[PDB]
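Here my numbering is used: position 11 in the sequence shown is 90, and no number is missing along the way.
Where a beta carbon is used, it is the ideal one built from N, C-alpha and C, also for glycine.
Quick notes on the structure that follows.
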Amino acid sequence: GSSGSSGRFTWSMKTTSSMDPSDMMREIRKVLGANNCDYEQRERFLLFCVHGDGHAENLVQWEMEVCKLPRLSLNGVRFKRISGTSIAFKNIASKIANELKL
Numbered sequence: 080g081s082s083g084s085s086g087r088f089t090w091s092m093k094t095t096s097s098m099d100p101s102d103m104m105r106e107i108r109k110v111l112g113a114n115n116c117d118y119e120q121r122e123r124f125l126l127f128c129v130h131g132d133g134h135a136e137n138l139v140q141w142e143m144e145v146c147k148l149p150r151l152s153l154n155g156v157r158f159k160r161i162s163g164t165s166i167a168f169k170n171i172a173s174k175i176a177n178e179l180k181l
C-alpha cells in the first residue's frame, strides 16, 4: 500500500495577520482567557497555553509564539504541542487558529 509512520516536530499553519505583532499578544490572551484557558508569560513574545477540555489526565498544553514567517512577510502564530496526544492537541488548536480574530 503505502509507507507511513512519518511525524516530526515542525510548526505548520495557514494563519496570517496583517496587523502588527504587538497587537496580537494582546488579542491572543483575550481569546484564551475567554475559552476558559490558562496562559503564562514565558518569553517576551510567548505564552504557555493550558486547557483541560477533556480529563485532567488528558490535559492539553501548547505554546503560542508570535514571529515573522521566512517565506511570507507577515506575523504568524506558531503552535507547539507540549503535552497530550495529537488528537487532543489539534482539538483545541482548531479553536484558537480560528477564533483568533486577526
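Pair within 8 Å by beta-carbon distance, residue i and residue j
i	j	result
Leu111	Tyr118	yes
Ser162	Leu138	yes
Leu151	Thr95	yes
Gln120	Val129	no
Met98	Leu179	no
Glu122	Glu136	no
Residue from the options whose Cα sits closest to the Cα of residue i
i	options	result
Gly133	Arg105, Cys116, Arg121, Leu179	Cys116
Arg160	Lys109, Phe168, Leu148	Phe168
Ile175	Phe158, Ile166, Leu138, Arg121	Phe158
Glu142	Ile107, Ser152, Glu136, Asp99	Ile107
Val156	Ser173, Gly83, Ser165	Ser173
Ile171	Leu148, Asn114, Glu122	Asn114
Cβ-Cβ separation, residue j to residue i (assumed contact under 8 Å), whole Å
i	j	result
residue 37	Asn154	Residue 37 is absent from the model: the chain starts at 80 and stops at 181.
Endpoints, beta strand (DSSP E) assigned at residue i
i	result
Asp132	Unbroken run through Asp132: none, as it is neither H nor E.
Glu122	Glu122 -> no beta strand (DSSP E), and no H or E assigned at all.
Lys180	Here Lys180 belongs to no beta strand (DSSP E), and DSSP marks it neither H nor E.
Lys93	Here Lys93 belongs to no beta strand (DSSP E), and DSSP marks it neither H nor E.
Unbroken alpha helix (DSSP H) run spanning residue i, endpoints
i	result
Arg108	100 to 113
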